[PDB]
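Asks: One structure coming up, written as structure tokens, with questions to follow.
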Amino acid sequence: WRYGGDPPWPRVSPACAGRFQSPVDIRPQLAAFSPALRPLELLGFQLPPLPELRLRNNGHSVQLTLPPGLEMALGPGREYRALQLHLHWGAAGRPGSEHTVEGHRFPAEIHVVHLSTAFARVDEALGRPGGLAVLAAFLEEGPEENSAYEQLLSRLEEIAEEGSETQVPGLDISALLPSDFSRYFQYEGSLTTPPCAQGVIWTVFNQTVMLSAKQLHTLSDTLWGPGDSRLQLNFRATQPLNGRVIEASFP
Ligand SMILES: COc1ccc(-n2cc(-c3ccc(S(N)(=O)=O)s3)nn2)cc1
Ligand SMILES: [Zn+2]
């Protein structure tokens with residue numbers, strides 16, 4: 001499978017033609033305030049430098065594999081372990097976030113993918129309700145170099161070629177996410193690439209993460225994908241809510 005062309009995604013996986021897919025256009029005026037949504041909790045995200053982590057150009061994204069012991073909770077009794085994180089981005093002067101807000105697309109987006117503690121493996125969780133949970137934050141331009149992102153972005157030259165990888169020291173993974181874990185949107189949807197399995201709990205932070213212009217350019221200008229083609233604009237088209245109500249942790 002690829003972005004922007006064949007094969008048709010439902011031929012690869014019929015789940016890609018489901019009614020309840022991601023990503024979506026978040027319309028905050030249509031979101032339901034749900035006071036039961038408490039601040040997200042993370043434990044073990046501040047890693048020692050060793051062991052190192054794998055950072056991979058898989059031709060569709062740059063993906064950081066996370067080690068065991070990164071615990072995440074959506075609330076009391078809703079417990080997850082982090083598997084990996086990756087990015088979606090645009091091109092020079094074009095945004096490439098997956099989620100949009102009132103039709104606005106942001107420069108880029110981070111996804112931190114988690115597996116329910118009720119499942120031993122990802123493949124057992126696919127398609128099961130709440131089996132997988134993704135934390136999502138938009139990346140925008142700020143005035144400063146973001147030092148957490150710099151740890152990954154300074155290594156993209158090493159993995160420019162499709163299918164390459166490198167090892168990076170552990171870092172504070174939570175520093176790749178916004179500081180505000182209280183204010184977010186949450187809805188049920190799908191993986192945004194094949195196999196597009198439904199049952200995925202999406203949490204999208206209100207607060208954005210700030211990267212420098214140079215950083216955003218490094219992200220969109222360094223990696224190469226399938227063919228002799230640049231790895232850019234690696235986001236799925238917006239999927240309709242189709243009657244799903246997005247929840248908000250704030251009125
Ligand atoms: C069969 O074993 C499998 C092992 C891993 C996966 N797997 C797919 C994915 C993802 C695909 C797309 C996303 S996303 N963009 O966060 O929604 S995460 N994460 N793990 C799927 C199957
Ligand atoms: Zn993603």
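Simple scheme: letters A, B, ... for chains in structure tokens order, numbers from 1 for residues in each chain, numbers from 1 for ligands in the order shown.
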Neighbours of ligand 1 at 6 Å or closer, counting only C-alpha atoms and all ligand atoms: which residues, as a list in words?
Replies: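 Written in the requested form, the residues are residues 111, 113, 122, 123, 191, 192 and 193 of chain A.
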Asks: Show me a table, sorted first by chain and then by increasing residue number, of the residues of chain A having an atom at most 9 Å from ligand 2, each with its shortest atom pair and the distance in Å to one decimal, counting only C-alpha atoms and all ligand atoms and written as JSON lines.
Replies:
```
{"residue": "A:61", "atom": "CA", "partner": "ligand 2", "partner_atom_place_in_ligand_line": "1 (Zn)", "distance": 8.1}
{"residue": "A:85", "atom": "CA", "partner": "ligand 2", "partner_atom_place_in_ligand_line": "1 (Zn)", "distance": 7.9}
{"residue": "A:86", "atom": "CA", "partner": "ligand 2", "partner_atom_place_in_ligand_line": "1 (Zn)", "distance": 6.2}
{"residue": "A:87", "atom": "CA", "partner": "ligand 2", "partner_atom_place_in_ligand_line": "1 (Zn)", "distance": 6.2}
{"residue": "A:88", "atom": "CA", "partner": "ligand 2", "partner_atom_place_in_ligand_line": "1 (Zn)", "distance": 6.4}
{"residue": "A:98", "atom": "CA", "partner": "ligand 2", "partner_atom_place_in_ligand_line": "1 (Zn)", "distance": 7.8}
{"residue": "A:109", "atom": "CA", "partner": "ligand 2", "partner_atom_place_in_ligand_line": "1 (Zn)", "distance": 7.9}
{"residue": "A:110", "atom": "CA", "partner": "ligand 2", "partner_atom_place_in_ligand_line": "1 (Zn)", "distance": 7.0}
{"residue": "A:111", "atom": "CA", "partner": "ligand 2", "partner_atom_place_in_ligand_line": "1 (Zn)", "distance": 5.1}
{"residue": "A:112", "atom": "CA", "partner": "ligand 2", "partner_atom_place_in_ligand_line": "1 (Zn)", "distance": 7.9}
{"residue": "A:113", "atom": "CA", "partner": "ligand 2", "partner_atom_place_in_ligand_line": "1 (Zn)", "distance": 8.1}
{"residue": "A:134", "atom": "CA", "partner": "ligand 2", "partner_atom_place_in_ligand_line": "1 (Zn)", "distance": 8.3}
{"residue": "A:136", "atom": "CA", "partner": "ligand 2", "partner_atom_place_in_ligand_line": "1 (Zn)", "distance": 8.3}
{"residue": "A:191", "atom": "CA", "partner": "ligand 2", "partner_atom_place_in_ligand_line": "1 (Zn)", "distance": 7.4}
{"residue": "A:192", "atom": "CA", "partner": "ligand 2", "partner_atom_place_in_ligand_line": "1 (Zn)", "distance": 6.1}
{"residue": "A:193", "atom": "CA", "partner": "ligand 2", "partner_atom_place_in_ligand_line": "1 (Zn)", "distance": 7.5}
{"residue": "A:235", "atom": "CA", "partner": "ligand 2", "partner_atom_place_in_ligand_line": "1 (Zn)", "distance": 8.0}
```
Asks: List every residue of range 50-233 of chain A that DSSP, applied to the backbone, labels as strand (DSSP E), and write the result as a PDB file with N, CA and C atoms, in the first residue's frame.
Replies:
```pdb
ATOM      1  N   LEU A  53      17.106   2.877  21.068  1.00  0.00           N
ATOM      2  CA  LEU A  53      15.819   2.640  20.446  1.00  0.00           C
ATOM      3  C   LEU A  53      16.008   2.583  18.938  1.00  0.00           C
ATOM      4  N   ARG A  54      15.200   1.795  18.234  1.00  0.00           N
ATOM      5  CA  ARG A  54      15.236   1.781  16.771  1.00  0.00           C
ATOM      6  C   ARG A  54      14.405   2.893  16.155  1.00  0.00           C
ATOM      7  N   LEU A  55      14.992   3.585  15.186  1.00  0.00           N
ATOM      8  CA  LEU A  55      14.344   4.658  14.461  1.00  0.00           C
ATOM      9  C   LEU A  55      14.408   4.296  12.984  1.00  0.00           C
ATOM     10  N   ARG A  56      13.251   4.189  12.356  1.00  0.00           N
ATOM     11  CA  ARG A  56      13.123   3.569  11.037  1.00  0.00           C
ATOM     12  C   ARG A  56      12.345   4.438  10.028  1.00  0.00           C
ATOM     13  N   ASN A  57      12.911   4.594   8.828  1.00  0.00           N
ATOM     14  CA  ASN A  57      12.175   5.050   7.668  1.00  0.00           C
ATOM     15  C   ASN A  57      11.525   3.817   7.053  1.00  0.00           C
ATOM     16  N   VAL A  62       8.431   8.035   9.593  1.00  0.00           N
ATOM     17  CA  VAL A  62       9.571   7.719  10.431  1.00  0.00           C
ATOM     18  C   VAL A  62       8.985   7.216  11.732  1.00  0.00           C
ATOM     19  N   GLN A  63       9.428   6.034  12.150  1.00  0.00           N
ATOM     20  CA  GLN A  63       8.882   5.338  13.312  1.00  0.00           C
ATOM     21  C   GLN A  63       9.965   5.033  14.340  1.00  0.00           C
ATOM     22  N   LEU A  64       9.690   5.414  15.590  1.00  0.00           N
ATOM     23  CA  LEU A  64      10.506   5.112  16.743  1.00  0.00           C
ATOM     24  C   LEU A  64       9.878   3.963  17.520  1.00  0.00           C
ATOM     25  N   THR A  65      10.608   2.860  17.646  1.00  0.00           N
ATOM     26  CA  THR A  65      10.127   1.732  18.431  1.00  0.00           C
ATOM     27  C   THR A  65      10.412   1.993  19.896  1.00  0.00           C
ATOM     28  N   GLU A  71       3.987   2.961  30.474  1.00  0.00           N
ATOM     29  CA  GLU A  71       2.592   2.752  30.847  1.00  0.00           C
ATOM     30  C   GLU A  71       1.782   4.023  30.629  1.00  0.00           C
ATOM     31  N   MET A  72       0.579   3.855  30.091  1.00  0.00           N
ATOM     32  CA  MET A  72      -0.330   4.962  29.838  1.00  0.00           C
ATOM     33  C   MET A  72      -1.710   4.592  30.336  1.00  0.00           C
ATOM     34  N   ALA A  73      -2.404   5.555  30.942  1.00  0.00           N
ATOM     35  CA  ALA A  73      -3.791   5.345  31.347  1.00  0.00           C
ATOM     36  C   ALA A  73      -4.688   6.459  30.823  1.00  0.00           C
ATOM     37  N   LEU A  74      -5.794   6.074  30.191  1.00  0.00           N
ATOM     38  CA  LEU A  74      -6.841   7.014  29.754  1.00  0.00           C
ATOM     39  C   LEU A  74      -7.750   7.369  30.912  1.00  0.00           C
ATOM     40  N   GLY A  75      -7.728   6.533  31.931  1.00  0.00           N
ATOM     41  CA  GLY A  75      -8.448   6.794  33.138  1.00  0.00           C
ATOM     42  C   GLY A  75      -8.313   5.563  34.004  1.00  0.00           C
ATOM     43  N   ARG A  78      -8.283   1.930  32.619  1.00  0.00           N
ATOM     44  CA  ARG A  78      -8.162   1.959  31.144  1.00  0.00           C
ATOM     45  C   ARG A  78      -6.658   2.028  30.836  1.00  0.00           C
ATOM     46  N   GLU A  79      -5.970   0.885  30.915  1.00  0.00           N
ATOM     47  CA  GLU A  79      -4.516   0.867  31.030  1.00  0.00           C
ATOM     48  C   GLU A  79      -3.876   0.298  29.779  1.00  0.00           C
ATOM     49  N   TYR A  80      -2.802   0.954  29.349  1.00  0.00           N
ATOM     50  CA  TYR A  80      -2.126   0.703  28.085  1.00  0.00           C
ATOM     51  C   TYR A  80      -0.603   0.683  28.276  1.00  0.00           C
ATOM     52  N   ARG A  81       0.075   0.094  27.301  1.00  0.00           N
ATOM     53  CA  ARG A  81       1.523   0.071  27.199  1.00  0.00           C
ATOM     54  C   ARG A  81       1.904   0.628  25.823  1.00  0.00           C
ATOM     55  N   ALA A  82       2.875   1.534  25.781  1.00  0.00           N
ATOM     56  CA  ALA A  82       3.268   2.180  24.516  1.00  0.00           C
ATOM     57  C   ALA A  82       4.117   1.216  23.671  1.00  0.00           C
ATOM     58  N   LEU A  83       3.845   1.188  22.370  1.00  0.00           N
ATOM     59  CA  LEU A  83       4.534   0.331  21.396  1.00  0.00           C
ATOM     60  C   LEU A  83       5.529   1.103  20.557  1.00  0.00           C
ATOM     61  N   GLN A  84       5.103   2.236  20.024  1.00  0.00           N
ATOM     62  CA  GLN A  84       5.871   2.956  19.017  1.00  0.00           C
ATOM     63  C   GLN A  84       5.253   4.316  18.830  1.00  0.00           C
ATOM     64  N   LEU A  85       6.039   5.222  18.260  1.00  0.00           N
ATOM     65  CA  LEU A  85       5.513   6.497  17.808  1.00  0.00           C
ATOM     66  C   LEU A  85       6.042   6.806  16.413  1.00  0.00           C
ATOM     67  N   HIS A  86       5.290   7.610  15.686  1.00  0.00           N
ATOM     68  CA  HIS A  86       5.681   8.020  14.352  1.00  0.00           C
ATOM     69  C   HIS A  86       5.006   9.340  14.019  1.00  0.00           C
ATOM     70  N   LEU A  87       5.328   9.839  12.837  1.00  0.00           N
ATOM     71  CA  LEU A  87       4.902  11.171  12.411  1.00  0.00           C
ATOM     72  C   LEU A  87       4.194  11.186  11.049  1.00  0.00           C
ATOM     73  N   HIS A  88       3.382  12.216  10.849  1.00  0.00           N
ATOM     74  CA  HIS A  88       2.760  12.508   9.576  1.00  0.00           C
ATOM     75  C   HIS A  88       3.000  13.981   9.297  1.00  0.00           C
ATOM     76  N   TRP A  89       3.333  14.301   8.048  1.00  0.00           N
ATOM     77  CA  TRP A  89       3.734  15.662   7.704  1.00  0.00           C
ATOM     78  C   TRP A  89       3.422  16.004   6.253  1.00  0.00           C
ATOM     79  N   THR A 100      -7.800  17.262  11.473  1.00  0.00           N
ATOM     80  CA  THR A 100      -7.999  18.663  11.190  1.00  0.00           C
ATOM     81  C   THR A 100      -8.966  19.197  12.249  1.00  0.00           C
ATOM     82  N   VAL A 101      -8.962  20.509  12.434  1.00  0.00           N
ATOM     83  CA  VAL A 101      -9.869  21.172  13.353  1.00  0.00           C
ATOM     84  C   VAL A 101     -10.578  22.255  12.555  1.00  0.00           C
ATOM     85  N   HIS A 104      -9.060  23.083   9.367  1.00  0.00           N
ATOM     86  CA  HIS A 104      -7.657  23.502   9.411  1.00  0.00           C
ATOM     87  C   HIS A 104      -6.733  22.294   9.541  1.00  0.00           C
ATOM     88  N   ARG A 105      -5.797  22.166   8.612  1.00  0.00           N
ATOM     89  CA  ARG A 105      -4.758  21.146   8.699  1.00  0.00           C
ATOM     90  C   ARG A 105      -3.486  21.789   9.246  1.00  0.00           C
ATOM     91  N   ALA A 108       2.140  19.247  10.994  1.00  0.00           N
ATOM     92  CA  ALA A 108       2.452  17.844  11.173  1.00  0.00           C
ATOM     93  C   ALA A 108       1.730  17.267  12.372  1.00  0.00           C
ATOM     94  N   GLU A 109       1.862  15.965  12.573  1.00  0.00           N
ATOM     95  CA  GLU A 109       1.184  15.285  13.685  1.00  0.00           C
ATOM     96  C   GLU A 109       2.023  14.129  14.199  1.00  0.00           C
ATOM     97  N   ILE A 110       2.021  13.971  15.516  1.00  0.00           N
ATOM     98  CA  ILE A 110       2.655  12.829  16.159  1.00  0.00           C
ATOM     99  C   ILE A 110       1.582  11.870  16.635  1.00  0.00           C
ATOM    100  N   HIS A 111       1.849  10.576  16.445  1.00  0.00           N
ATOM    101  CA  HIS A 111       1.047   9.492  16.995  1.00  0.00           C
ATOM    102  C   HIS A 111       1.846   8.572  17.892  1.00  0.00           C
ATOM    103  N   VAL A 112       1.354   8.347  19.121  1.00  0.00           N
ATOM    104  CA  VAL A 112       1.991   7.386  20.062  1.00  0.00           C
ATOM    105  C   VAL A 112       0.959   6.279  20.237  1.00  0.00           C
ATOM    106  N   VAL A 113       1.313   5.088  19.755  1.00  0.00           N
ATOM    107  CA  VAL A 113       0.406   3.955  19.627  1.00  0.00           C
ATOM    108  C   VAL A 113       0.602   3.026  20.840  1.00  0.00           C
ATOM    109  N   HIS A 114      -0.501   2.630  21.455  1.00  0.00           N
ATOM    110  CA  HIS A 114      -0.489   1.827  22.646  1.00  0.00           C
ATOM    111  C   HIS A 114      -1.392   0.596  22.490  1.00  0.00           C
ATOM    112  N   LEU A 115      -1.050  -0.426  23.268  1.00  0.00           N
ATOM    113  CA  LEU A 115      -1.724  -1.707  23.296  1.00  0.00           C
ATOM    114  C   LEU A 115      -2.357  -1.853  24.678  1.00  0.00           C
ATOM    115  N   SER A 116      -3.635  -2.226  24.715  1.00  0.00           N
ATOM    116  CA  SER A 116      -4.315  -2.520  25.964  1.00  0.00           C
ATOM    117  C   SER A 116      -3.553  -3.594  26.723  1.00  0.00           C
ATOM    118  N   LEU A 132      -6.471  -0.950  21.036  1.00  0.00           N
ATOM    119  CA  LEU A 132      -5.404  -0.032  20.759  1.00  0.00           C
ATOM    120  C   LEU A 132      -5.857   1.371  21.067  1.00  0.00           C
ATOM    121  N   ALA A 133      -4.915   2.175  21.553  1.00  0.00           N
ATOM    122  CA  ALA A 133      -5.157   3.575  21.814  1.00  0.00           C
ATOM    123  C   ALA A 133      -4.015   4.405  21.242  1.00  0.00           C
ATOM    124  N   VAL A 134      -4.354   5.485  20.536  1.00  0.00           N
ATOM    125  CA  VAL A 134      -3.349   6.382  19.998  1.00  0.00           C
ATOM    126  C   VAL A 134      -3.502   7.752  20.646  1.00  0.00           C
ATOM    127  N   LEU A 135      -2.375   8.292  21.103  1.00  0.00           N
ATOM    128  CA  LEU A 135      -2.258   9.690  21.539  1.00  0.00           C
ATOM    129  C   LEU A 135      -1.756  10.512  20.372  1.00  0.00           C
ATOM    130  N   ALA A 136      -2.461  11.596  20.062  1.00  0.00           N
ATOM    131  CA  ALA A 136      -2.169  12.419  18.903  1.00  0.00           C
ATOM    132  C   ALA A 136      -2.035  13.892  19.304  1.00  0.00           C
ATOM    133  N   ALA A 137      -0.983  14.540  18.797  1.00  0.00           N
ATOM    134  CA  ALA A 137      -0.767  15.968  18.993  1.00  0.00           C
ATOM    135  C   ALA A 137      -0.336  16.602  17.697  1.00  0.00           C
ATOM    136  N   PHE A 138      -0.799  17.822  17.456  1.00  0.00           N
ATOM    137  CA  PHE A 138      -0.415  18.564  16.272  1.00  0.00           C
ATOM    138  C   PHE A 138       0.920  19.223  16.521  1.00  0.00           C
ATOM    139  N   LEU A 139       1.721  19.340  15.468  1.00  0.00           N
ATOM    140  CA  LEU A 139       2.998  20.017  15.521  1.00  0.00           C
ATOM    141  C   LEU A 139       2.880  21.317  14.721  1.00  0.00           C
ATOM    142  N   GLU A 140       3.234  22.434  15.351  1.00  0.00           N
ATOM    143  CA  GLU A 140       3.209  23.767  14.743  1.00  0.00           C
ATOM    144  C   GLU A 140       4.593  24.408  14.843  1.00  0.00           C
ATOM    145  N   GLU A 141       4.777  25.508  14.133  1.00  0.00           N
ATOM    146  CA  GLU A 141       6.007  26.262  14.195  1.00  0.00           C
ATOM    147  C   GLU A 141       6.063  27.190  15.416  1.00  0.00           C
ATOM    148  N   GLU A 165      17.302   2.202   8.795  1.00  0.00           N
ATOM    149  CA  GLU A 165      17.129   2.428  10.213  1.00  0.00           C
ATOM    150  C   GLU A 165      18.437   2.762  10.907  1.00  0.00           C
ATOM    151  N   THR A 166      18.295   3.259  12.126  1.00  0.00           N
ATOM    152  CA  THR A 166      19.410   3.650  12.968  1.00  0.00           C
ATOM    153  C   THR A 166      18.971   3.497  14.420  1.00  0.00           C
ATOM    154  N   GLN A 167      19.924   3.588  15.346  1.00  0.00           N
ATOM    155  CA  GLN A 167      19.651   3.418  16.775  1.00  0.00           C
ATOM    156  C   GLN A 167      19.821   4.787  17.393  1.00  0.00           C
ATOM    157  N   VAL A 168      18.921   5.149  18.309  1.00  0.00           N
ATOM    158  CA  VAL A 168      19.029   6.424  19.019  1.00  0.00           C
ATOM    159  C   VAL A 168      18.985   6.203  20.530  1.00  0.00           C
ATOM    160  N   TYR A 184      -8.343  17.586  25.981  1.00  0.00           N
ATOM    161  CA  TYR A 184      -8.236  16.771  24.805  1.00  0.00           C
ATOM    162  C   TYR A 184      -9.590  16.393  24.249  1.00  0.00           C
ATOM    163  N   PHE A 185      -9.576  15.928  23.011  1.00  0.00           N
ATOM    164  CA  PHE A 185     -10.716  15.296  22.373  1.00  0.00           C
ATOM    165  C   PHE A 185     -10.474  13.810  22.364  1.00  0.00           C
ATOM    166  N   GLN A 186     -11.564  13.056  22.402  1.00  0.00           N
ATOM    167  CA  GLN A 186     -11.470  11.616  22.380  1.00  0.00           C
ATOM    168  C   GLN A 186     -12.636  11.046  21.598  1.00  0.00           C
ATOM    169  N   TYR A 187     -12.338  10.095  20.733  1.00  0.00           N
ATOM    170  CA  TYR A 187     -13.366   9.406  19.960  1.00  0.00           C
ATOM    171  C   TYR A 187     -12.862   8.010  19.593  1.00  0.00           C
ATOM    172  N   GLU A 188     -13.780   7.172  19.121  1.00  0.00           N
ATOM    173  CA  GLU A 188     -13.450   5.838  18.663  1.00  0.00           C
ATOM    174  C   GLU A 188     -13.414   5.784  17.135  1.00  0.00           C
ATOM    175  N   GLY A 189     -12.356   5.181  16.614  1.00  0.00           N
ATOM    176  CA  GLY A 189     -12.114   5.162  15.175  1.00  0.00           C
ATOM    177  C   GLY A 189     -11.204   4.021  14.778  1.00  0.00           C
ATOM    178  N   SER A 190     -10.249   4.301  13.897  1.00  0.00           N
ATOM    179  CA  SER A 190      -9.488   3.248  13.234  1.00  0.00           C
ATOM    180  C   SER A 190      -8.041   3.609  13.105  1.00  0.00           C
ATOM    181  N   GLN A 198     -10.820  -1.063  13.121  1.00  0.00           N
ATOM    182  CA  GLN A 198     -11.638  -0.210  13.981  1.00  0.00           C
ATOM    183  C   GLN A 198     -11.461  -0.594  15.464  1.00  0.00           C
ATOM    184  N   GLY A 199     -12.119   0.139  16.356  1.00  0.00           N
ATOM    185  CA  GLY A 199     -11.990  -0.079  17.801  1.00  0.00           C
ATOM    186  C   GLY A 199     -10.866   0.707  18.457  1.00  0.00           C
ATOM    187  N   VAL A 200     -10.231   1.597  17.703  1.00  0.00           N
ATOM    188  CA  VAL A 200      -9.072   2.327  18.189  1.00  0.00           C
ATOM    189  C   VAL A 200      -9.570   3.557  18.919  1.00  0.00           C
ATOM    190  N   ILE A 201      -9.082   3.749  20.143  1.00  0.00           N
ATOM    191  CA  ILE A 201      -9.411   4.951  20.913  1.00  0.00           C
ATOM    192  C   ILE A 201      -8.406   6.054  20.601  1.00  0.00           C
ATOM    193  N   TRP A 202      -8.908   7.145  20.020  1.00  0.00           N
ATOM    194  CA  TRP A 202      -8.080   8.296  19.641  1.00  0.00           C
ATOM    195  C   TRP A 202      -8.223   9.386  20.681  1.00  0.00           C
ATOM    196  N   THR A 203      -7.082   9.895  21.142  1.00  0.00           N
ATOM    197  CA  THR A 203      -7.046  11.043  22.004  1.00  0.00           C
ATOM    198  C   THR A 203      -6.206  12.109  21.290  1.00  0.00           C
ATOM    199  N   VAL A 204      -6.815  13.259  21.019  1.00  0.00           N
ATOM    200  CA  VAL A 204      -6.173  14.381  20.370  1.00  0.00           C
ATOM    201  C   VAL A 204      -6.078  15.558  21.347  1.00  0.00           C
ATOM    202  N   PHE A 205      -4.841  15.946  21.663  1.00  0.00           N
ATOM    203  CA  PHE A 205      -4.567  17.053  22.593  1.00  0.00           C
ATOM    204  C   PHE A 205      -5.023  18.384  21.995  1.00  0.00           C
ATOM    205  N   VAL A 209       2.286  21.008  19.983  1.00  0.00           N
ATOM    206  CA  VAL A 209       3.724  20.970  20.195  1.00  0.00           C
ATOM    207  C   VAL A 209       4.419  21.905  19.180  1.00  0.00           C
ATOM    208  N   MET A 210       5.410  22.662  19.643  1.00  0.00           N
ATOM    209  CA  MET A 210       6.085  23.661  18.833  1.00  0.00           C
ATOM    210  C   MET A 210       7.473  23.174  18.383  1.00  0.00           C
ATOM    211  N   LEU A 211       7.688  23.185  17.065  1.00  0.00           N
ATOM    212  CA  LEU A 211       8.980  22.883  16.455  1.00  0.00           C
ATOM    213  C   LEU A 211       9.472  24.130  15.714  1.00  0.00           C
TER     214      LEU A 211
END
```
Asks: Could you give me, as a VMD selection string, the residues within 12 Å of residue 25 in chain A, counting only C-alpha atoms and dropping anything in the same chain fewer than 4 positions from it?
Replies: chain A and resid 21 29 to 31 97 to 106 185 187 204 236 to 242 244 to 246
Asks: Could those selected residues go to a file with C-alpha atoms, as a compact mmCIF listing (two decimals), in the first residue's frame?
Replies:
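Contents of part_34.txt, as written:
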```
# COMPACT_ATOMS: atom_id res chain seq x y z
CA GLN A 21 -12.53 5.40 10.23
CA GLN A 29 -18.79 23.02 18.72
CA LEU A 30 -20.19 19.53 18.00
CA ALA A 31 -18.04 17.84 20.68
CA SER A 97 -1.50 16.59 9.89
CA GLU A 98 -4.01 13.74 9.70
CA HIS A 99 -6.61 15.25 12.00
CA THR A 100 -8.00 18.66 11.19
CA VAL A 101 -9.87 21.17 13.35
CA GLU A 102 -12.71 23.02 11.61
CA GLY A 103 -11.08 22.11 8.30
CA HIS A 104 -7.66 23.50 9.41
CA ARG A 105 -4.76 21.15 8.70
CA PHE A 106 -1.65 21.62 10.89
CA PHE A 185 -10.72 15.30 22.37
CA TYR A 187 -13.37 9.41 19.96
CA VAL A 204 -6.17 14.38 20.37
CA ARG A 236 -4.91 9.90 4.94
CA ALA A 237 -7.81 11.91 3.63
CA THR A 238 -10.29 13.04 6.24
CA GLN A 239 -12.97 10.46 7.09
CA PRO A 240 -16.52 11.42 8.04
CA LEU A 241 -17.69 11.05 11.63
CA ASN A 242 -20.81 9.26 10.34
CA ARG A 244 -19.99 9.43 16.03
CA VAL A 245 -19.84 12.10 18.67
CA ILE A 246 -16.36 13.33 19.64
```
Asks: Using only C-alpha atoms, find the one residue out of A:77, A:227, A:95, A:163 that sits nearest to residue 117 in chain A.
Replies: A:77
Asks: Among range 32-209 of chain A, which residues does DSSP mark as alpha helix (DSSP H) when it is run on the backbone? Keep the chain and numbering as in the structure and answer as a list in words.
Replies: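 The residues of range 32-209 of chain A classed as alpha helix (DSSP H) are residues 122, 123, 124, 125, 147, 148, 149, 150, 151, 152 and 153 of chain A.
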Asks: Take the residues from that selection and put them in a file with N, CA, C and O atoms, as a JSON list (two decimals), in the first residue's frame.
Replies:
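Generated output (out30.json):
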```json
[["chain", "number", "residue", "atom", "x", "y", "z"],
["A", 122, "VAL", "N", -0.22, -7.03, 19.39],
["A", 122, "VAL", "CA", -1.02, -6.13, 18.57],
["A", 122, "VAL", "C", -2.06, -6.87, 17.75],
["A", 122, "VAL", "O", -3.22, -6.45, 17.71],
["A", 123, "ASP", "N", -1.66, -7.97, 17.11],
["A", 123, "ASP", "CA", -2.59, -8.67, 16.23],
["A", 123, "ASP", "C", -3.82, -9.21, 16.96],
["A", 123, "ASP", "O", -4.88, -9.26, 16.38],
["A", 124, "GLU", "N", -3.71, -9.55, 18.24],
["A", 124, "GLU", "CA", -4.88, -9.95, 19.04],
["A", 124, "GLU", "C", -5.82, -8.76, 19.31],
["A", 124, "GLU", "O", -7.02, -8.92, 19.45],
["A", 125, "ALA", "N", -5.27, -7.56, 19.40],
["A", 125, "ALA", "CA", -6.03, -6.36, 19.71],
["A", 125, "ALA", "C", -6.73, -5.71, 18.52],
["A", 125, "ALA", "O", -7.67, -4.94, 18.71],
["A", 147, "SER", "N", 14.14, 20.58, 21.78],
["A", 147, "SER", "CA", 15.28, 19.70, 21.99],
["A", 147, "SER", "C", 14.93, 18.23, 22.00],
["A", 147, "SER", "O", 15.76, 17.41, 21.59],
["A", 148, "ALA", "N", 13.73, 17.87, 22.45],
["A", 148, "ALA", "CA", 13.30, 16.48, 22.39],
["A", 148, "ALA", "C", 13.19, 16.06, 20.92],
["A", 148, "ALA", "O", 13.79, 15.07, 20.53],
["A", 149, "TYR", "N", 12.46, 16.82, 20.10],
["A", 149, "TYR", "CA", 12.37, 16.49, 18.67],
["A", 149, "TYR", "C", 13.72, 16.48, 17.96],
["A", 149, "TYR", "O", 13.94, 15.66, 17.05],
["A", 150, "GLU", "N", 14.63, 17.35, 18.39],
["A", 150, "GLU", "CA", 15.95, 17.42, 17.79],
["A", 150, "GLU", "C", 16.72, 16.10, 17.89],
["A", 150, "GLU", "O", 17.46, 15.75, 16.98],
["A", 151, "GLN", "N", 16.48, 15.35, 18.96],
["A", 151, "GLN", "CA", 17.08, 14.02, 19.12],
["A", 151, "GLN", "C", 16.75, 13.07, 17.97],
["A", 151, "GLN", "O", 17.58, 12.23, 17.59],
["A", 152, "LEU", "N", 15.55, 13.17, 17.42],
["A", 152, "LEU", "CA", 15.13, 12.34, 16.31],
["A", 152, "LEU", "C", 15.45, 13.00, 14.97],
["A", 152, "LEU", "O", 15.94, 12.35, 14.03],
["A", 153, "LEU", "N", 15.16, 14.29, 14.87],
["A", 153, "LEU", "CA", 15.28, 15.01, 13.60],
["A", 153, "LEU", "C", 16.73, 15.13, 13.11],
["A", 153, "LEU", "O", 16.96, 15.14, 11.90]]
```
Asks: Which is closest to residue 26 in chain A among A:248, A:91, A:160, A:233, if we use only C-alpha atoms?
Replies: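 Once distances to residue 26 in chain A are computed over only C-alpha atoms, the minimum belongs to A:248.
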Asks: Could you state the separation of CA of residue 230 in chain A and CA of residue 15 in chain A in Å, given to one decimal place?
Replies: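 Going from CA of residue 230 in chain A over to CA of residue 15 in chain A covers 27.6 Å.
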Asks: Quick one: residues within 9 Å of residue 161 in chain A, only C-alpha atoms counted, chain neighbours fewer than 5 positions away excluded, as an mmCIF file with C-alpha atoms, in the first residue's frame?
Replies:
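And here is the file that came out, result_36.cif:
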```
data_model
loop_
_atom_site.group_PDB
_atom_site.id
_atom_site.type_symbol
_atom_site.label_atom_id
_atom_site.label_comp_id
_atom_site.auth_asym_id
_atom_site.auth_seq_id
_atom_site.Cartn_x
_atom_site.Cartn_y
_atom_site.Cartn_z
ATOM 1 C CA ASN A 57 12.175 5.050 7.668
ATOM 2 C CA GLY A 59 8.695 4.311 3.448
ATOM 3 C CA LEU A 223 13.224 11.221 3.868
ATOM 4 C CA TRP A 224 12.553 9.289 0.649
ATOM 5 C CA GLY A 225 9.649 6.861 0.128
#
```
